[PDB]
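Asks: I am attaching a structure below and will ask some questions about it afterwards.
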Protein chains: 4
Amino acid sequence: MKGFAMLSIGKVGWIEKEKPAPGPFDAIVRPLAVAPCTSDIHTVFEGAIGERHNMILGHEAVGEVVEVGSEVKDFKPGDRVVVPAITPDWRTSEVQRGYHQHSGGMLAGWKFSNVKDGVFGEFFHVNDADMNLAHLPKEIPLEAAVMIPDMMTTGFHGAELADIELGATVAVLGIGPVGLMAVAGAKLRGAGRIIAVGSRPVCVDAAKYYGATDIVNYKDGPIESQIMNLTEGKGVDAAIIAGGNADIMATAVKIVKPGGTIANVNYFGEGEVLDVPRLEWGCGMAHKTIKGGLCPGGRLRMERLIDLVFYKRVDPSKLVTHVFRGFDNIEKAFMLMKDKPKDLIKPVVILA
Amino acid sequence: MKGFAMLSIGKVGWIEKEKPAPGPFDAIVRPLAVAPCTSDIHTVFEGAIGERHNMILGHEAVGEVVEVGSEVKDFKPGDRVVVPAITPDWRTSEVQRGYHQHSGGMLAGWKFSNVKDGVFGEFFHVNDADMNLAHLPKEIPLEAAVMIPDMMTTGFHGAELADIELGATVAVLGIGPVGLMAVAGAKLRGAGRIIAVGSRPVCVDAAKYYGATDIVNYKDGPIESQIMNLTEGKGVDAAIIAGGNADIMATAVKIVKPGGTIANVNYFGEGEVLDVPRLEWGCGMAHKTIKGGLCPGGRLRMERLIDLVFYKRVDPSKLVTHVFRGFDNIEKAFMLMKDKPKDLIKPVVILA
Amino acid sequence: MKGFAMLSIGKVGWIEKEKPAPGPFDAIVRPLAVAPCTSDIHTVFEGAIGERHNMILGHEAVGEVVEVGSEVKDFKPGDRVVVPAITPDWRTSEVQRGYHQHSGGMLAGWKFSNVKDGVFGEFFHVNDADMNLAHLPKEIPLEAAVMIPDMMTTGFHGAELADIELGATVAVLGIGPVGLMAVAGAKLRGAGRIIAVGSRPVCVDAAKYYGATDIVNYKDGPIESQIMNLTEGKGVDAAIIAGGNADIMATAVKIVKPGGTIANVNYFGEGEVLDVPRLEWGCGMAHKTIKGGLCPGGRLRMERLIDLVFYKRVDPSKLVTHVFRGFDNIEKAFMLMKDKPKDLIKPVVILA
Amino acid sequence: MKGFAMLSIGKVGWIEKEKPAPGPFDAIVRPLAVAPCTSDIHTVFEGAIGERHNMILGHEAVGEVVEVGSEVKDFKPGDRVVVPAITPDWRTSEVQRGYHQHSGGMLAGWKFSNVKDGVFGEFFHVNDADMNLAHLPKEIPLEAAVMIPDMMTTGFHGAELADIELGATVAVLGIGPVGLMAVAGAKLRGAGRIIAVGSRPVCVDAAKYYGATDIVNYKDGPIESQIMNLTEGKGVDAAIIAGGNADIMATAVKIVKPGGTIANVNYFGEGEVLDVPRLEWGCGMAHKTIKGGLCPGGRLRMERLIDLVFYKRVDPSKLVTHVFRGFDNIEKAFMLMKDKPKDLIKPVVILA
Ligand SMILES: NC(=O)c1ccc[n+]([C@@H]2O[C@H](COP(=O)([O-])OP(=O)(O)OC[C@H]3O[C@@H](n4cnc5c(N)ncnc54)[C@H](OP(=O)(O)O)[C@@H]3O)[C@@H](O)[C@H]2O)c1
Ligand SMILES: NC(=O)c1ccc[n+]([C@@H]2O[C@H](COP(=O)([O-])OP(=O)(O)OC[C@H]3O[C@@H](n4cnc5c(N)ncnc54)[C@H](OP(=O)(O)O)[C@@H]3O)[C@@H](O)[C@H]2O)c1
Ligand SMILES: NC(=O)c1ccc[n+]([C@@H]2O[C@H](COP(=O)([O-])OP(=O)(O)OC[C@H]3O[C@@H](n4cnc5c(N)ncnc54)[C@H](OP(=O)(O)O)[C@@H]3O)[C@@H](O)[C@H]2O)c1
Ligand SMILES: NC(=O)c1ccc[n+]([C@@H]2O[C@H](COP(=O)([O-])OP(=O)(O)OC[C@H]3O[C@@H](n4cnc5c(N)ncnc54)[C@H](OP(=O)(O)O)[C@@H]3O)[C@@H](O)[C@H]2O)c1
Ligand SMILES: [Zn+2]
Ligand SMILES: [Zn+2]
Ligand SMILES: [Zn+2]
Ligand SMILES: [Zn+2]
């Protein structure tokens, strides 16, 4: 078995490993369509999550089941499935507490290319098949399905953590594929006015498409300044962080009004700390809640977004700005993700 | 002043009353647009809410402020306003409890055509104008605006009470204009699949429009069986009740899965008790939460729903199937509500 | 293997079965201390859950692990453990929804004496040891610890479903063991005034001890009237149903104010429906929420209550009014639970 | 009329002014008991809230209503009442969003010794008596009562924001009187283990008195370290911040497990930004929600905490380490708070 992988911090390059074996509960999947993510770029070229050695990358993929363990009951070989970037061990205390995202340690729920071989290989392992895989409906295009395992789920969580109220006006700081899914999320939580913050033109279109009502380019003056202007000093009810500097937090705290919420689904790679503006936080008494969590995973989080897509509640295909054929183009795609061209949102490498 | 009032249970007509006078915190408004409600019919032809004598009916209207108390600070004569069906007294313990709908007593938030002359008059009084009036953007048409005060706020509340999760599948029992807004609200909360129940063609047609993905007619047999079959025995995540007799409650509990919620916004005008089936409620342990509350009123509520219409997140105008002109047509619209003709959803009477 | 079982509705006796065997993830436990429950009385002499054939009763026990599967990592034979009345299979869709109590179906998390042989056997089975067993601290006596599996977790769930707020006055309807634990629960959630309803002197004294501040006897007039008098027409903030007829639901809805909660933990064994007062439930808009749930189970649930007993926040021992020695007394005790003598709260049988 | 006031930053002293007059909805009150608050120290000798000119200090008091506006309905002269440190204008939109503390502006709900003349005067003004005053039962001692307005509501609020679950282990950072009430608060929320951080002997016994089970002296090592050891690498479920430097935020996050909550009620006076460890906050995906808000005020808040004290759910009197007689000592009492003696938790001044 061959596959892309992080050799060492900053060092990438294909390698060779064993076709993994399915435990009695696990399943082995063969990639049907995959995509790269800024998350890999961070942990690889910045050691946000320490160093690793020859660890196949990629967490986003849909594909078919090659073989299942004796105990697997809802998946046969040859079934098409959506594999969540999050595949936690479902029998730990974190789960009983209500946090599979951290089943077995902080962020432990996130296994692929973090603490396990990723989806960028002729085959990949999936722990607890019946709990971590989802049947992919034929009606849903491949390039669209691959947006669910990590873009949709992460973005939507953004909208979930924000406690959006019907008609509330929301601000989405950063409009990359995740930030964009947050704009869709907010629309879905019944947000009224959505203020998206970003410059890449193609993103600005997407944002408007997924629901953005007001675009705010962070090159026409400070962001806090421009928003307080649009909202007339009132501010925003909720603000979701989906990209930017560690100081983006300071910006969000200032634009949300008191009793508002700062929902963060962004992954901070560098910096030893994140700052909170003492004054705008009411010296700690302004009632502005700060949230930040790893996106939900598991079969359910996937069955549900499927429905969202199936019942045309959302169309993630608009995030796919580049479609590459055949395995080989993984490296191309990966790098294409490194130095983000200016016409890019999300690239998808079909395999079969 | 002339007004269409309830004369005595089972009798209605136009009467003569003094033009109301504003207290320092009130405002006197003239109707630009009003609409009749199933509610008034219940309190006039069912005596569901005790009796009344010469109580001007109606509680759905957009108007123009005519005069204001000495303490009103945000509304002047000439201001076009969206008037909430619920005009609570904002200085009570209920308010401090987070239940303004019950400020002063069970359902006391609802004053118009309850314990205070309604809007079906040349002029009508609004208490605490600054807290209970919202400025109506010119962009939004009268017939759409007159949907916010009651239809939209109620419908959406069923949605809110359902605690709908992203992608969940909800059932909306009863698709009158309220049921219709519940569907809309369901879609607004990220609902995936939406099973709408009702038979009137105009409703089934509007339901599909607002987001219903499945139609179930209670005339082809028991709702519970049809819904259980539509869901392959899985049942629905949430059920919003917006119609039917008392036995609709049982039906709700039976179609919702353990841990789901039955959200009620329907006005049960007849009967002594509502029945909850034991076995299907898990003999009291099915974790099937039952909710039932009055629609939210007040300024903020109205502003937010206005934003929904303004930012095209919803277009209530599709609920209007009959529009008449002039004061004399109030009585016609009203009767058009007593005897529900097949092509009706909601009628609006334009006054200028 | 010998064990006390339900032969069929209205029939209970001693039977014989094989010492069960443990799959790779289970453990076999021998009873150290067990107690009977009112829940079994219903299912048997009322067939409230339908027919049952030759099923060992009981589901409240603390015992010693006798053997474990090749996969049980946290429990060796000889380990003293508190076994939860609810032992769900932690790998299902319900668990991913936050309702392990209905893992695999409504009430399916409750296996012992429901759809699996109970704890009144020489030995009994426990599915998923690392997920369904909790180590018993030596500092906690058997007679007290066995109050944790069902009584403490149920009464507390009442308090949990009630959404109690600091200083709020709660009403507990029914002060049996569960009710008594609900009173403790209310107190543990910061309840101010607590009105307990019952009549058994032994129970009343017990309520005062766990936090009751007022005692209403349902043999001195209707509950509603008495409680409306103690609260001066204001009513209570929440009512936790913990016993009574089917009509108890209506009492609850009448005594709680608008926006309050009716939290049921009682398990109704008779009747087709449970009545809901149309008017006192504000015709469906009084915002009076109704909840009913099966007590939490699993390991974490037990560890948390263990802790409450350990750090002395609660002492269940007062529930135990009868203690007996000998495996043959499981019956004496069971029958004791059948025809409730005036001086009995809870009976416990010590086997070793 | 005399009053102890802040003449400017660093300059305190007595002043004379015109006895305030009530608007038709307000009430004038004379203090029966008052108490200095560390908060006032921060705003005087630190200007943590900019500067003020000749503003009577103090905001914690219980007095007797001397007179009321023609609209006040529930309060009369002679009526002994508790006065919440927070008295908002209940007719704002912040109120409609559910955040009275920020009615009309961030923290604008807190008027006394902030943007309004405080309670250290022979008389003071209380706006909107019917919404901002609660009767004081004869049975509650004055020194106990004067604790409710600020210490109790704030400490409890910390515990409320903490989202504490039954049997959870909570950590209280800073056992000042607030922290002391946070502890009782966590005890009231049904917490099991409670780790209290502090070193003042007198506060340590108060902490053990209100429910602490573990004491952590910031002398035997780093807070972060001792708590980890105490929780055997597991960490705490919730962290309630009631003291420390800006860095204390970092400690907190560091000790709460993923998916836990950091609740702050501590008023920071120095610093520009509060630090959040990028790593321990799981790079922002740890799900460690952070909350911080100005304590609740108003009548209900006071009524609820009053019932708590009355029903003996908390005895705040143990916070009162210093009692002073005569209106004149108010100044000494204040100073006693500037230079924190080692045997003081909370000083009180009884006038009559
Ligand atoms: N750990 C996980 O499992 C996981 C999963 C999902 C997501 N995530 C996190 O979520 C992020 C998703 O973002 P993405 O990859 O789609 O795109 P990205 O490149 O990470 O973010 C792009 C967005 O941020 C804006 N931006 C850049 N610098 C900014 C600044 N200083 N202030 C404000 N906005 C700024 C961009 O503007 P332009 O348009 O001008 O470029 C664009 O709108 C991930 O990279 C990762 O951090 C983590
Ligand atoms: N109290 C207030 O102030 C207030 C204010 C606003 C709203 N509301 C609430 O909103 C509603 C107002 O009425 P509305 O506009 O919703 O229209 P409606 O005409 O009252 O109800 C229509 C819906 O009920 C259906 N229906 C009738 N019988 C049924 C049955 N046996 N089983 C299932 N569905 C059945 C209708 O189907 P067909 O098409 O076949 O008839 C339609 O789906 C009330 O429930 C009221 O409580 C109350
Ligand atoms: N399925 C499960 O796993 C599970 C687990 C735990 C609990 N439960 C349920 O919870 C209950 C457990 O037993 P328990 O502690 O509640 O003791 P109980 O003996 O079942 O109930 C005793 C209480 O009900 C009162 N009562 C009886 N009729 C009443 C009426 N008409 N109005 C008001 N109160 C009335 C009793 O009054 P007296 O003082 O005169 O008796 C006492 O206050 C059962 O109903 C059981 O089904 C189920
Ligand atoms: N604005 C408002 O309405 C409002 C209301 C309520 C509370 N608050 C804020 O909360 C504060 C708490 O009340 P308080 O003033 O009575 O007490 P305090 O003096 O603010 O705090 C005392 C506590 O902090 C600990 N402490 C001091 N330095 C520390 C450090 N470096 N690291 C860790 N712990 C440290 C103390 O330890 P020792 O035992 O060693 O002294 C003690 O446990 C209020 O004064 C105010 O700032 C504001
Ligand atoms: Zn990723
Ligand atoms: Zn209506
Ligand atoms: Zn039981
Ligand atoms: Zn203070």
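Asks: Taking the residues in the range C:224-248 that are among the small types (G, A, S) and within 15 Å of C:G260 (Cα to Cα) as candidates, determine which candidate is farthest from ligand 5 (Cβ to nearest atom). If you could, list the steps in order and put the result at the bottom.
Replies: Start the filter on the range C:224-248 by keeping residues that are among the small types (G, A, S), which leaves C:225, C:233, C:235, C:238-239, C:242-244, C:246.
Next, only the ones that are within 15 Å of C:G260 (Cα to Cα) stay: C:233, C:235, C:238-239.
Values: C:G233: 58, C:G235: 52, C:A238: 43, C:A239: 47 Å.
Checking each candidate, the answer is C:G233.
Asks: Give just the number: which of (1) more than 30 Å from B:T251 (Cα to Cα); (2) within 14 Å of chain D (Cβ to nearest Cβ); (3) touching a strand residue (DSSP E or B) at 6+ places or on another chain (Cβ under 8 Å) does C:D237 not satisfy?
Replies: All conditions are met except number (1).
Asks: Determine whether the range A:135-142 contains at least one residue that is assigned by CATH to the domain that holds A:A250 and more than 19 Å from A:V320 (Cα to Cα).
Replies: no
Asks: Would you check if B:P31 is more than 16 Å from ligand 7 (Cβ to nearest atom), more than 23 Å from C:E280 (Cα to Cα), in a loop (DSSP other than H, G, I, E, B) and more than 14 Å from chain C (Cβ to nearest Cβ)? It would help to see each step written out before you state the result.
Replies: On the way: more than 16 Å from ligand 7 (Cβ to nearest atom): yes; more than 23 Å from C:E280 (Cα to Cα): yes; in a loop (DSSP other than H, G, I, E, B): no; more than 14 Å from chain C (Cβ to nearest Cβ): yes.
Judged against the criteria, B:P31 is not a match.
Asks: What number of residues within the range D:13-62 are of a type in the set (K, R), farther than 30 Å from B:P24 by Cα and either touching a residue at least 60 places away in the same chain (Cβ under 8 Å) or not assigned by CATH to the domain that holds D:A145 (or both)? Don't jump to the end; show me each part of the working.
Replies: Residues of the range D:13-62 that are of a type in the set (K, R), as a first pass: D:17, D:19, D:30, D:52.
Okay, now just the ones that are also farther than 30 Å from B:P24 by Cα, so D:17, D:52.
Cutting the leftovers down to either touching a residue at least 60 places away in the same chain (Cβ under 8 Å) or not assigned by CATH to the domain that holds D:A145 (or both) gives us D:17.
Total meeting the criteria: 1.
Asks: Restricting attention to the range B:323-352, which residues are within 18 Å of the chain's Cα centre (by Cα) and either surrounded by 17 or more Cβ atoms within 10 Å (Cβ to Cβ) or assigned to a strand (DSSP E or B) (or both)?
Replies: Passing the criteria: B:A333, B:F334, B:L336, B:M337, B:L344, B:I345, B:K346, B:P347, B:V348, B:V349.
Asks: Name the single residue that is nearest to ligand 6 (Cβ to nearest atom) among those in the range D:301-352 being farther than 22 Å from D:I175 by Cα, free of Cβ contacts under 8 Å to residues at least 12 places away in the same chain and within 14 Å of another protein chain (Cβ to nearest Cβ).
Replies: D:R304
Asks: Here's a follow-up. If you check C:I148 against the conditions, is it within 13 Å of another protein chain (Cβ to nearest Cβ) and more than 16 Å from ligand 6 (Cβ to nearest atom)?
Replies: Criteria met by C:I148.
To keep it simple, each residue is scored yes or no on (1) in a helix (DSSP H, G or I); (2) touching a residue at least 24 places away in the same chain (Cβ under 8 Å); (3) within 13 Å of ligand 1 (Cβ to nearest atom).
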residue	(1), (2), (3)
A:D130	yes, yes, no
A:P137	no, yes, no
A:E143	yes, yes, no
A:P149	yes, yes, yes
A:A159	yes, yes, no
A:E165	no, yes, no
A:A168	no, yes, no
A:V172	no, yes, yes
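Asks: Given the condition in contact with a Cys (Cβ under 9 Å, 6 or more places away or on another chain) and β-branched (V, I, T), answer yes or no: does some residue in the range B:109-120 qualify?
Replies: no
Asks: Conditions first: (1) basic (K, R); (2) more than 20 Å from the chain's Cα centre (by Cα); (3) not in a strand (DSSP E or B). C:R299 passes all but one, so which condition is the exception?
Replies: Exception for C:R299: condition (2).
Asks: Taking the range D:188-209 as the search range and keeping residues that are in a loop (DSSP other than H, G, I, E, B) and of a type outside the set (A, V, I, L, M, F, W, C), which one is surrounded by the fewest Cβ atoms within 10 Å (Cβ to Cβ)?
Replies: Here the residue is D:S199.
Asks: Going by what's in this entry, would A:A33 be described as more than 28 Å from A:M106 (Cα to Cα) and either surrounded by 24 or more Cβ atoms within 10 Å (Cβ to Cβ) or within 18 Å of the chain's Cα centre (by Cα) (or both)?
Replies: Spelling it out, A:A33 is indeed more than 28 Å from A:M106 (Cα to Cα) and either surrounded by 24 or more Cβ atoms within 10 Å (Cβ to Cβ) or within 18 Å of the chain's Cα centre (by Cα) (or both).
Asks: Here is a follow-up. Condition test on C:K73, is it within 30 Å of C:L308 (Cα to Cα) and either among the basic types (K, R) or part of a loop (DSSP other than H, G, I, E, B) (or both)?
Replies: On the way: within 30 Å of C:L308 (Cα to Cα): yes; either among the basic types (K, R) or part of a loop (DSSP other than H, G, I, E, B) (or both): yes.
Yes.
Asks: From the residues in the range A:84-108 that are in contact with a helix residue (DSSP H, G or I) (Cβ under 6 Å, 6 or more places away or on another chain) and of a type in the set (D, E, K, R), which one is farthest from the other protein chains (Cβ to nearest Cβ)?
Replies: A:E94
Asks: Against the definition (surrounded by fewer than 24 Cβ atoms within 10 Å (Cβ to Cβ) and over 18 Å from D:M302 (Cα atoms)), how does D:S70 come out, yes or no?
Replies: Yes; evaluated as a whole, the condition is true for this residue.
Asks: Filter the range A:302-317 down to residues that are over 27 Å from D:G284 (Cα atoms), assigned to a helix (DSSP H, G or I) and within 17 Å of the chain's Cα centre (by Cα), then give me how many there are.
Replies: Final tally of qualifying residues: 2.
Asks: Residue check: is B:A212 within 16 Å of B:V183 (Cβ to Cβ) and assigned to a loop (DSSP other than H, G, I, E, B)?
Replies: Against the criterion (within 16 Å of B:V183 (Cβ to Cβ) and assigned to a loop (DSSP other than H, G, I, E, B)), B:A212 qualifies.
Asks: Give A:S113, A:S39, A:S70, A:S103 a once-over and let me know the one that is touching a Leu at 6+ places or on another chain (Cβ under 6 Å) and among the small types (G, A, S).
Replies: A:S113
Asks: While we're here: So D:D79 fits all but one of (1) surrounded by fewer than 20 Cβ atoms within 10 Å (Cβ to Cβ); (2) more than 30 Å from D:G3 (Cα to Cα); what number is the exception?
Replies: (2)
Asks: Facing another protein chain (nearest Cβ under 10 Å), of a type in the set (G, A, S) and surrounded by 22 or more Cβ atoms within 10 Å (Cβ to Cβ): is that true of B:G185 in this structure?
Replies: It is true that B:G185 is facing another protein chain (nearest Cβ under 10 Å), of a type in the set (G, A, S) and surrounded by 22 or more Cβ atoms within 10 Å (Cβ to Cβ).
Asks: Can I ask one more? Of all residues in the range A:34-54, count the ones that are touching a strand residue (DSSP E or B) at 6+ places or on another chain (Cβ under 8 Å) and away from ligand 5 (no atom under 14 Å from the Cβ).
Replies: Residues that pass the stated criteria total 4.
Asks: Find the residue count for the range D:240-261, including only residues that are at the interface with chain A (Cβ under 8 Å from one of its Cβ atoms) and either acidic (D, E) or within 21 Å of D:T154 (Cβ to Cβ) (or both).
Replies: Result for the range D:240-261: 3.
Asks: For the range C:188-224, name all the residues that are more than 22 Å from C:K254 (Cβ to Cβ) and either free of Cβ contacts under 8 Å to residues at least 12 places away in the same chain or within 14 Å of chain D (Cβ to nearest Cβ) (or both). Before the answer, list the steps.
Replies: Quick first cut of the range C:188-224, residues more than 22 Å from C:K254 (Cβ to Cβ) only: C:188-190, C:200-206, C:208-211.
Hits for the range C:188-224 are C:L188, C:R189, C:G190, C:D205, C:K208, C:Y209, C:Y210, C:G211.
Asks: Right, D:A129: under 25 Å from B:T92 (Cβ atoms), assigned by CATH to the domain that holds D:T321 and of a type in the set (G, A, S) or not?
Replies: Details: under 25 Å from B:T92 (Cβ atoms): yes; assigned by CATH to the domain that holds D:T321: yes; of a type in the set (G, A, S): yes.
Spelling it out, D:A129 is indeed under 25 Å from B:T92 (Cβ atoms), assigned by CATH to the domain that holds D:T321 and of a type in the set (G, A, S).
Asks: Residues in the range A:262-276: is at least one farther than 21 Å from D:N245 by Cβ, surrounded by fewer than 21 Cβ atoms within 10 Å (Cβ to Cβ) and more than 14 Å from chain B (Cβ to nearest Cβ)?
Replies: Quick first cut of the range A:262-276, residues farther than 21 Å from D:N245 by Cβ only: A:262-270.
From the residues that got through so far, the ones that are surrounded by fewer than 21 Cβ atoms within 10 Å (Cβ to Cβ) too are A:269-270.
Filter again for more than 14 Å from chain B (Cβ to nearest Cβ), leaving A:269-270.
Yes, because at least one residue in the range A:262-276 is farther than 21 Å from D:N245 by Cβ, surrounded by fewer than 21 Cβ atoms within 10 Å (Cβ to Cβ) and more than 14 Å from chain B (Cβ to nearest Cβ).
All of this is worked out from the model, or read from it or from the source named; no laboratory read-out is quoted. Every residue, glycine as well, gets a Cβ built from its backbone with ideal geometry; the counts of neighbours run over all protein chains shown.
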